Amino acid sequence: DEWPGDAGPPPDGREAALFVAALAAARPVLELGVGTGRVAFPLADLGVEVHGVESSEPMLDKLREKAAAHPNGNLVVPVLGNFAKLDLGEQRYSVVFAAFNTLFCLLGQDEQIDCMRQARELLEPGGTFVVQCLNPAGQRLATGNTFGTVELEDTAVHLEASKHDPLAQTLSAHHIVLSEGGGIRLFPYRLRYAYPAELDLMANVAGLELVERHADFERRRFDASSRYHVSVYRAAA
Amino acid sequence: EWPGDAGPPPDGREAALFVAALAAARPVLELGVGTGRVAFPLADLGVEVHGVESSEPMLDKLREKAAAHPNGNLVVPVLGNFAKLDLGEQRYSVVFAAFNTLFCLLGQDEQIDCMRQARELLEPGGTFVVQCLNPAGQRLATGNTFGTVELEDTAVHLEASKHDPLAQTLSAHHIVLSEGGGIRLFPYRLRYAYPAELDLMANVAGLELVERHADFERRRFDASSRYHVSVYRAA
Amino acid sequence: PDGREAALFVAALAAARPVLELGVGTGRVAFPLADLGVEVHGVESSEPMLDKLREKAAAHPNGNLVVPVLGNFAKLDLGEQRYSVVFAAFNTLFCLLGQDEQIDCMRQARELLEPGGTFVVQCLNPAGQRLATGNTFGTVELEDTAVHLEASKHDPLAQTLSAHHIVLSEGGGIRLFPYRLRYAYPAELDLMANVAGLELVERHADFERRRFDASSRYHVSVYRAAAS
Amino acid sequence: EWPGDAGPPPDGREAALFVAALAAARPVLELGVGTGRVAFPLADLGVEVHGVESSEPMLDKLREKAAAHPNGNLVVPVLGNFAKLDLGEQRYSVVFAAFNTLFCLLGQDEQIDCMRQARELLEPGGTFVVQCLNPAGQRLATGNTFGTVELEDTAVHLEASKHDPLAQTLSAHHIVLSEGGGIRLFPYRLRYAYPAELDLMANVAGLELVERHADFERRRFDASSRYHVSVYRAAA
Amino acid sequence: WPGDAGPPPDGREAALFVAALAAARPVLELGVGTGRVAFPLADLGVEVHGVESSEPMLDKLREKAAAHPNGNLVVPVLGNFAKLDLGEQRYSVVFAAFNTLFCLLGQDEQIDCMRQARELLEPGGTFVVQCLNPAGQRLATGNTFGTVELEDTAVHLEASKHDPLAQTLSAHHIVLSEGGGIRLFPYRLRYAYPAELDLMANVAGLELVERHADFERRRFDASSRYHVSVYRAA
Amino acid sequence: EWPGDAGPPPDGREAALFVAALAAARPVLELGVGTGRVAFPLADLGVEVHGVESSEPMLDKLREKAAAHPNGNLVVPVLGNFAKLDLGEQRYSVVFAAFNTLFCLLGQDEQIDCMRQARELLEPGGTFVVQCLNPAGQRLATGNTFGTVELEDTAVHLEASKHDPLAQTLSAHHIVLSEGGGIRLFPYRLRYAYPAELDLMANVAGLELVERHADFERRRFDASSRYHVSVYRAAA
Ligand SMILES: [Li+]
Ligand SMILES: [Li+]
């Protein structure tokens with residue numbers, strides 16, 4: 001959205017879109033955690049109908065505003081709510097996806113399994129479930145507390161204070177912005193991450209099976225040093 | 001026979017006490033019986049141990065130590081790879097795998113199969129016990145490492161290993177260099193799991209966690225613990 | 001957050017005689033002690049911080065058990081009074097910025113113990129604190145509308161730590177709380193204790209008696225009059 | 001201006017002595033004269049200093065301390081560009097850039113150019129002297145870092161930096177947080193060169209290395225020195 | 001020599017890369033070795049002139065050449081990277097793979113080799129090198145000891161001294177084998193950083209035309225362990 | 001006799017000059033004299049050295065180098081443990097322990113006892129000199145480590161060690177692996193003390209610190225110094 005450099009959201013909106021589109025089957029897709037449409041609008045540019053779920057009202061409001069002004073806004077269907085509770089009806093989708101750690105916003109393994117399962121049940125035959133998550137091995141997370149520089153601007157610095165518990169597999173952090181004036185903005189967040197093999201087992205429990213894993217949306221080889229992965233799951237035979 | 005950290009952990013007695021307390025004058029099954037590191041101390045506690053192994057040789061050194069032991073009659077050696085081995089009607093109050101035995105199985109799938117079979121050999125109320133290295137607390141570098149395992153007056157014990165954080169395997173050689181110039185290499189392989197993955201494996205296998213400690217003396221388990229001792233029940 | 005636990009620890013050693021807390025604060029140890037029926041004489045050098053204590057004591061259902069004293073750790077005149085326990089929690093002893101002052105402090109404490117009395121200290125453990133040489137910056141804690149950070153300078157020769165506890169708030173507000181320490185290593189500390197007529201009888205990681213080892217961030221050490 | 005490690009390095013006098021020893025009672029040119037941390041000390045020694053800055057602002061502040069300094073008249077403020085500028089026929093016994101000034105030019109090319117201009121401003125047997133961070137000894141982490149620079153009773157100085165070890169650049173903010181709630185940010189960029197690269201650059205610019213030290217007191221230079229002071233002269 | 005103990009498995013890829021630039025004229029490989037790249041190039045119909053200073057290794061090449069279906073495309077040349085007289089013969093490509101250039105223990109020698117190389121290029125010709133990338137290799141200051149590779153009956157280890165000022169690596173590849181055997185294989189390199197290397201190239205009358213992480217043309221960045229750089233005559 | 005870093009420190013001569021400046025026409029006592037790395041340079045300055053060892057092997061080898069040395073009559077070898085050796089009426093202007101000798105005693109208590117024995121052997125104004133690793137500057141990892149000490153054409157020198165930071169002990173093997181398959185292990189143990197601890201030990205033994213350097217050439221001691229040379233005198 002606004003934040004510059006590494007402080008902003010991952011600059012791969014376009015690539016995510018292409019990726020999902022290629023899996024879309026000219027039919028409609030569901031984005032879990034659609035925010036302000038970082039992936040949804042590029043999707044709309046490729047002629048893909050995107051229903052987007054988002055729990056943050058201020059964010060969804062913005063998506064709606066931008067949609068009104070977007071040449072292809074009409075391909076974007078904003079859905080306000082908590083995914084676990086929304087009744088999406090008889091609607092099925094060709095692709096359900098969750099970009100930039102959205103799945104890991106659910107603060108436990110059981111919640112994540114449940115989520116994968118709701119997504120499974122919304123797929124049409126042959127549909128896929130796609131997630132993009134931090135890859136703990138490649139991310140080399142230190143145990144305990146850390147503090148680091150995220151990005152610099154002429155008149156502000158973006159920093160991060162973080163707490164990592166490698167046993168519970170949680171991260172709790174503030175994104176911090178300090179400004180020349182003396183202003184300070186804190187943006188708290190929390191993740192529970194999964195390791196790839198744990199994640200794959202969760203998917204099985206949820207009735208899903210892994211069909212492919214990459215490091216990123218351009219399909220680069222995934223390996224131990226990959227900071228992220230993009231995983232694609234199908235319903236199990 | 002290897003000194004300090006080279007040899008196996010010195011918790012054999014304590015393992016026994018922990019397993020014993022969990023058995024109701026009913027037989028217990030150790031996976032990967034050794035030279036009876038745990039088993040024999042169990043007998044000293046009046047507990048019948050059925051030990052599984054796939055090494056006709058090692059199993060033979062066990063038979064021998066069973067003949068010389070004042071309680072060897074309680075130690076029953078079962079030869080054969082656990083995966084393919086049928087124990088028919090016989091059930092157990094406890095089934096346990098000590099010092100990373102479970103992680104000798106080189107895959108999540110095979111590990112879940114082992115946990116399942118273990119569940120199907122538990123009587124009502126029986127428990128499945130594992131002692132595993134705890135990745136978070138073991139601080140394992142990615143890729144290759146080389147370290148000192150232990151020193152003796154006339155030899156050093158070293159370790160060359162490869163760690164693959166995705167497959168979660170450790171493949172290593174325990175190396176002994178001796179003053180005369182002799183060299184012995186002892187290779188070995190593990191696939192480990194994180195606690196939360198292990199608990200989900202246990203569930204898929206029909207088990208549920210009922211307690212976790214850092215060791216057999218029941219010390220508090222936390223992030224910095226090098227091992228955990230986990231106890232599971234049927235669901 | 002071990003106020004209670006430190007109190008339980010000290011109380012278990014104090015029997016029914018009075019104890020002396022060096023660096024009584026707003027009484028985060030003293031009051032839980034009173035609630036346990038222990039009489040606490042608390043020392044401090046800041047007449048201001050003593051006041052905040054006196055105010056809380058008046059409003060506490062057991063504040064009569066807390067006796068505020070004004071003086072200096074190393075150099076005090078309490079006269080004939082002796083204690084079953086003299087203690088110094090959360091790094092108090094390392095507030096004295098030198099080995100000599102610290103030894104002098106330990107000697108006073110020894111001279112104020114009755115027979116069988118114990119001197120107890122809680123101190124950061126350098127091995128387990130894994131302190132980098134030079135300057136560091138770190139995260140201490142997170143809240144919804146503020147972060148607690150720490151900036152510090154470490155001189156591994158002088159064994160000193162100079163730091164600011166930093167609080168940053170959504171407003172743009174910043175509070176800085178500076179502090180200084182001279183720490184000792186366990187073996188140094190034990191030898192200092194010997195020089196002061198004390199000997200170590202037990203060492204734990206914490207007031208719950210958890211095992212102390214190299215990775216322990218703190219230790220709780222219990223000293224008594226030296227033998228022979 | 002600022003306390004301790006937050007302020008500028010405390011080797012002004014020493015840099016002056018070092019330079020004056022090489023200055024043959026003839027004039028010296030300081031690139032990045034700043035506020036005269038070195039120039040004035042040089043003036044105190046009887047040495048004429050022509051100091052160059054790019055920003056009129058800083059020159060003005062220099063012109064002001066000069067007017068209030070007992071030996072300020074020996075410090076000539078010059079406005080120009082390190083790589084390109086016209087000083088005509090004036091030559092110098094010493095041309096120098098202290099505390100990383102050379103690395104303020106953001107590329108190998110501009111650094112060579114500057115070294116060359118310097119060479120051409122030297123008199124016969126004149127020297128070109130630079131003081132630069134020494135990467136090996138500085139142990140710079142890849143990527144981003146955050147650190148404490150200095151403490152004060154009512155404020156803290158921190159540093160947030162981005163290091164690109166491939167472009168060999170450092171991009172930082174010096175940050176001052178105050179008990180008030182005030183925050184001051186002071187940006188800066190550097191492009192560094194390793195010693196072997198630097199000497200080759202000098203060669204390409206017509207200079208050859210004649211001596212290298214850790215500091216202006218001539219302490220031994222080695223892999224663990226955070227800085228070097230290098231002395232060049234025009235090549236055969 | 002298994003896995004990471006052995007040489008890099010990019011022989012074919014190297015050849016393809018070099019072939020693409022070769023345009024039906026001869027190429028010169030500095031440090032031709034045992035033909036790890038030369039032969040794969042011969043399979044592509046490219047004439048290879050391979051240079052080496054070690055007669056021994058040069059002999060082994062000759063032997064594998066006579067037994068290769070395309071050996072006659074591999075012309076072994078005894079000589080010295082920096083200094084050697086090849087007459088009027090010119091090449092479309094002169095390349096040095098896997099750290100060959102860093103085998104010369106000094107910046108000056110390395111510049112001399114680059115210059116000699118430039119002077120053997122026809123018009124439009126190119127000089128290609130493959131070099132460890134210090135930034136991406138994250139080299140500890142001072143001594144280190146590490147595991148290179150494992151085998152069932154032996155371990156491959158490495159002891160090294162890194163001098164970050166001289167930019168040198170001095171190491172022993174160590175083989176320990178069951179039964180008491182020890183083999184030491186010492187080697188020395190002087191590396192250059194990219195920006196230094198490029199300036200070296202300019203001094204040698206060469207200019208950089210492209211840089212990759214490897215012979216497959218993957219993007220080069222700070223975390224790339226190696227780089228493949230292609231230069232033209234100024 | 002071992003190459004580079006495997007061999008002993010090359011500061012024998014410097015150690016002798018430093019000790020001789022403190023000596024005073026009345027013998028010095030070296031604890032752990034080994035094969036004379038310091039005793040002989042000392043004899044070249046006409047200083048009489050009484051050298052203590054327990055290892056009869058090196059004492060037999062010292063005697064042999066001393067019979068073939070032009071000034072061997074100045075090197076008096078004394079066989080046996082220090083803790084047990086009663087040296088009688090003889091007093092010394094200097095007692096010293098180079099390269100970690102004091103840390104060969106495996107406990108704070110033994111070390112204090114040694115220091116005390118030294119104090120009692122000093123003449124009035126006499127001094128006790130020690131050279132010991134400096135923990136702050138050595139940055140010793142906790143637990144086990146393995147590293148390269150040195151390289152030669154046909155052999156590598158390695159080290160496997162166990163560091164206990166609470167007990168402040170190092171137990172290690174210097175390992176030499178040779179091209180033919182040869183393996184030599186050389187075990188050793190130390191218990192070190194931090195400077196402040198060491199000074200307090202000195203006090204307990206009736207000594208007071210009068211000077212501290214990084215080395216025998218009197219370089220400044222600081223956090224980054226790998227060693228220190230400390231000079232103690234008797235407490236008035
Ligand atoms: Li599609
Ligand atoms: Li051998």
# chains A, B, ... in the order shown; residues from 1 in each chain; ligands from 1
>>> residues_around(residues="residue 231 in chain B", least_positions_apart="4", cutoff="7 Å", atoms="only C-alpha atoms", output="PyMOL selection string")
chain B and resi 127-130+209-212
>>> write_last_selection(atoms="C-alpha atoms", output="PDB file, in the first residue's frame")
ATOM      1  CA  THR B 127       0.898 -45.806  27.148  1.00  0.00           C
ATOM      2  CA  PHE B 128       3.385 -45.118  24.364  1.00  0.00           C
ATOM      3  CA  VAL B 129       6.619 -43.471  25.470  1.00  0.00           C
ATOM      4  CA  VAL B 130       9.276 -41.843  23.281  1.00  0.00           C
ATOM      5  CA  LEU B 209      -0.246 -36.548  24.327  1.00  0.00           C
ATOM      6  CA  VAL B 210      -0.782 -36.822  28.082  1.00  0.00           C
ATOM      7  CA  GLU B 211       2.543 -35.489  29.413  1.00  0.00           C
ATOM      8  CA  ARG B 212       5.932 -34.091  28.314  1.00  0.00           C
TER       9      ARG B 212
END
>>> closest_atom_pairs(of="chain A", to="ligand 1", cutoff="6 Å", atoms="only C-alpha atoms and all ligand atoms", output="CSV")
residue,atom,partner,partner_atom_place_in_ligand_line,distance
A:21,CA,ligand 1,1 (Li),5.1
A:22,CA,ligand 1,1 (Li),3.8
A:23,CA,ligand 1,1 (Li),4.3
A:24,CA,ligand 1,1 (Li),4.1
A:25,CA,ligand 1,1 (Li),3.9
A:26,CA,ligand 1,1 (Li),5.8
>>> residues_around(residues="residue 214 in chain C", least_positions_apart="3", cutoff="10 Å", atoms="only C-alpha atoms", output="ChimeraX atom specification")
/C:125-130,205,217-218 /F:142-143,164-167
>>> write_last_selection(atoms="N, CA, C and O atoms", output="compact mmCIF listing (two decimals), in the first residue's frame")
# COMPACT_ATOMS: atom_id res chain seq x y z
N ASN C 125 24.03 -13.70 35.53
CA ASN C 125 25.12 -14.65 35.31
C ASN C 125 25.75 -14.40 33.96
O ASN C 125 25.14 -14.66 32.92
N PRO C 126 26.98 -13.86 33.95
CA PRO C 126 27.62 -13.45 32.68
C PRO C 126 27.70 -14.54 31.59
O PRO C 126 27.39 -14.26 30.44
N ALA C 127 28.12 -15.76 31.93
CA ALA C 127 28.16 -16.84 30.94
C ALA C 127 26.83 -16.99 30.21
O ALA C 127 26.78 -17.06 28.98
N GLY C 128 25.75 -17.03 30.98
CA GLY C 128 24.43 -17.31 30.43
C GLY C 128 23.77 -16.09 29.86
O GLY C 128 22.75 -16.18 29.17
N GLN C 129 24.31 -14.93 30.15
CA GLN C 129 23.73 -13.70 29.63
C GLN C 129 24.26 -13.53 28.22
O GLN C 129 23.66 -12.82 27.41
N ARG C 130 25.39 -14.18 27.94
CA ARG C 130 25.98 -14.21 26.60
C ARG C 130 26.09 -12.78 26.08
O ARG C 130 25.51 -12.42 25.05
N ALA C 205 19.35 -21.38 39.91
CA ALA C 205 19.07 -20.50 38.78
C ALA C 205 18.09 -19.41 39.19
O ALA C 205 18.12 -18.30 38.66
N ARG C 217 20.49 -17.46 33.00
CA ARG C 217 20.66 -16.02 32.89
C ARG C 217 20.99 -15.38 34.25
O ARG C 217 21.77 -14.44 34.32
N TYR C 218 20.40 -15.91 35.33
CA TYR C 218 20.70 -15.41 36.68
C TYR C 218 21.16 -16.52 37.60
O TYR C 218 21.08 -17.70 37.27
N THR F 142 31.16 -21.43 24.41
CA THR F 142 30.76 -22.33 25.46
C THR F 142 30.69 -23.73 24.88
O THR F 142 30.36 -23.90 23.71
N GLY F 143 31.02 -24.72 25.69
CA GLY F 143 30.89 -26.10 25.26
C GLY F 143 32.03 -26.50 24.36
O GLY F 143 33.14 -25.94 24.43
N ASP F 164 34.29 -25.10 29.75
CA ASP F 164 33.30 -24.91 30.79
C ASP F 164 33.44 -23.49 31.36
O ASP F 164 34.37 -23.20 32.11
N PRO F 165 32.50 -22.61 31.00
CA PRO F 165 32.60 -21.20 31.41
C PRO F 165 32.31 -20.93 32.90
O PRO F 165 32.69 -19.89 33.40
N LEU F 166 31.66 -21.85 33.61
CA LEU F 166 31.43 -21.65 35.05
C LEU F 166 32.66 -22.01 35.84
O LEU F 166 33.07 -21.28 36.73
N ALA F 167 33.23 -23.16 35.51
CA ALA F 167 34.44 -23.63 36.17
C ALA F 167 35.64 -22.90 35.59
O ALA F 167 36.74 -22.96 36.15
>>> residues_around(residues="residue 74 in chain E", least_positions_apart="2", cutoff="9 Å", atoms="only C-alpha atoms", output="ChimeraX atom specification")
/E:35,38-39,41-42,46-50,61-62,65,70-72,76
>>> write_last_selection(atoms="C-alpha atoms", output="PDB file, in the first residue's frame")
ATOM      1  CA  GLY E  35      38.621 -32.198 -20.053  1.00  0.00           C
ATOM      2  CA  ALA E  38      36.747 -29.475 -23.047  1.00  0.00           C
ATOM      3  CA  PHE E  39      35.268 -32.864 -23.942  1.00  0.00           C
ATOM      4  CA  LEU E  41      32.526 -28.965 -25.830  1.00  0.00           C
ATOM      5  CA  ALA E  42      34.001 -31.403 -28.333  1.00  0.00           C
ATOM      6  CA  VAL E  46      33.731 -26.889 -30.884  1.00  0.00           C
ATOM      7  CA  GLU E  47      37.518 -26.949 -31.230  1.00  0.00           C
ATOM      8  CA  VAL E  48      39.172 -26.616 -27.811  1.00  0.00           C
ATOM      9  CA  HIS E  49      42.743 -25.580 -27.064  1.00  0.00           C
ATOM     10  CA  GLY E  50      43.410 -26.562 -23.454  1.00  0.00           C
ATOM     11  CA  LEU E  61      44.035 -35.664 -20.977  1.00  0.00           C
ATOM     12  CA  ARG E  62      45.857 -37.001 -24.041  1.00  0.00           C
ATOM     13  CA  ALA E  65      41.422 -37.883 -25.854  1.00  0.00           C
ATOM     14  CA  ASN E  70      35.851 -36.567 -30.527  1.00  0.00           C
ATOM     15  CA  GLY E  71      39.308 -36.376 -28.949  1.00  0.00           C
ATOM     16  CA  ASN E  72      40.881 -34.810 -32.029  1.00  0.00           C
ATOM     17  CA  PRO E  76      46.440 -29.903 -25.349  1.00  0.00           C
TER      18      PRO E  76
END
>>> closest_residue(among="E:211, E:183, E:156, E:162", to="ligand 2", atoms="only C-alpha atoms and all ligand atoms")
E:183
>>> residues_around(residues="residue 7 in chain B", least_positions_apart="2", cutoff="12 Å", atoms="only C-alpha atoms", output="MDAnalysis selection string")
chainID B and resid 1:5 9:11 37 99 149:151 157 174
>>> write_last_selection(atoms="C-alpha atoms", output="PDB file, in the first residue's frame")
ATOM      1  CA  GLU B   1      31.984 -48.556  26.482  1.00  0.00           C
ATOM      2  CA  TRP B   2      32.538 -45.042  25.110  1.00  0.00           C
ATOM      3  CA  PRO B   3      33.273 -42.369  27.728  1.00  0.00           C
ATOM      4  CA  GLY B   4      31.176 -39.361  28.706  1.00  0.00           C
ATOM      5  CA  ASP B   5      29.251 -37.906  25.789  1.00  0.00           C
ATOM      6  CA  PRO B   9      23.070 -41.321  27.940  1.00  0.00           C
ATOM      7  CA  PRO B  10      23.446 -42.415  31.585  1.00  0.00           C
ATOM      8  CA  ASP B  11      19.698 -42.424  32.311  1.00  0.00           C
ATOM      9  CA  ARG B  37      20.693 -50.548  28.539  1.00  0.00           C
ATOM     10  CA  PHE B  99      17.209 -42.330  22.829  1.00  0.00           C
ATOM     11  CA  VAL B 149      31.991 -35.004  20.861  1.00  0.00           C
ATOM     12  CA  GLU B 150      34.364 -36.023  23.657  1.00  0.00           C
ATOM     13  CA  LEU B 151      38.015 -36.379  24.691  1.00  0.00           C
ATOM     14  CA  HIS B 157      35.642 -38.445  19.445  1.00  0.00           C
ATOM     15  CA  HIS B 174      30.989 -40.528  14.598  1.00  0.00           C
TER      16      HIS B 174
END
>>> residues_around(residues="residue 173 in chain D", least_positions_apart="6", cutoff="8 Å", atoms="only C-alpha atoms", output="ChimeraX atom specification")
/A:152,157 /D:159-161,185-188
>>> write_last_selection(atoms="C-alpha atoms", output="short mmCIF file (atom, residue, chain, number, x, y, z; two decimals), in the first residue's frame")
data_model
loop_
_atom_site.label_atom_id
_atom_site.label_comp_id
_atom_site.auth_asym_id
_atom_site.auth_seq_id
_atom_site.Cartn_x
_atom_site.Cartn_y
_atom_site.Cartn_z
CA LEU A 152 15.08 3.50 5.51
CA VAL A 157 13.04 4.55 9.57
CA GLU D 159 22.23 3.50 14.01
CA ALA D 160 20.04 1.77 11.46
CA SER D 161 21.93 0.66 8.36
CA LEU D 185 17.28 11.30 11.85
CA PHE D 186 20.57 11.98 10.07
CA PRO D 187 20.99 10.02 6.82
CA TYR D 188 24.25 9.16 5.11
#
>>> residues_around(residues="residue 10 in chain F", least_positions_apart="5", cutoff="12 Å", atoms="only C-alpha atoms", output="PyMOL selection string")
chain F and resi 1-5+15-16+37-38+99+215-216
>>> interface_residues(of="chain F", to="chain E", cutoff="8 Å", atoms="only C-alpha atoms", output="ChimeraX atom specification")
/F:146-151,153-156,177-182
>>> select_by_dssp(residues="range 57-173 of chain C", states="strand (DSSP E or B)", output="PyMOL selection string")
chain C and resi 66-70+83-88+113-124+134-142+146-155+160-169
>>> interface_residues(of="chain C", to="chain D", cutoff="10 Å", atoms="only C-alpha atoms", output="list in words")
residues 134, 135, 136, 137, 138, 150, 151, 152, 153, 162, 163, 164, 166, 167, 168, 169, 171, 172, 173, 174, 175, 176, 177, 178 and 179 of chain C
>>> select_by_dssp(residues="range 62-147 of chain D", states="helix (DSSP H, G or I)", output="number ranges by chain")
D: 62-67, 72-74, 101-104, 108-121, 135-138
>>> closest_residue(among="B:193, B:17, B:177, B:105", to="ligand 2", atoms="only C-alpha atoms and all ligand atoms")
B:177
>>> interface_residues(of="chain A", to="chain D", cutoff="9 Å", atoms="only C-alpha atoms", output="VMD selection string")
chain A and resid 147 to 157 159 178 to 184
>>> atom_distance(atom1="CA of residue 132 in chain A", atom2="CA of residue 228 in chain A")
6.9 Å
>>> atom_distance(atom1="CA of residue 194 in chain E", atom2="CA of residue 133 in chain E")
7.5 Å
>>> closest_atom_pairs(of="chain F", to="chain D", cutoff="12 Å", atoms="only C-alpha atoms", output="tab-separated table")
residue	atom	partner	partner_atom	distance
F:219	CA	D:219	CA	10.9
F:220	CA	D:219	CA	11.9
F:224	CA	D:224	CA	10.3
F:225	CA	D:224	CA	11.9
>>> atom_distance(atom1="CA of residue 208 in chain C", atom2="CA of residue 92 in chain C")
19.1 Å
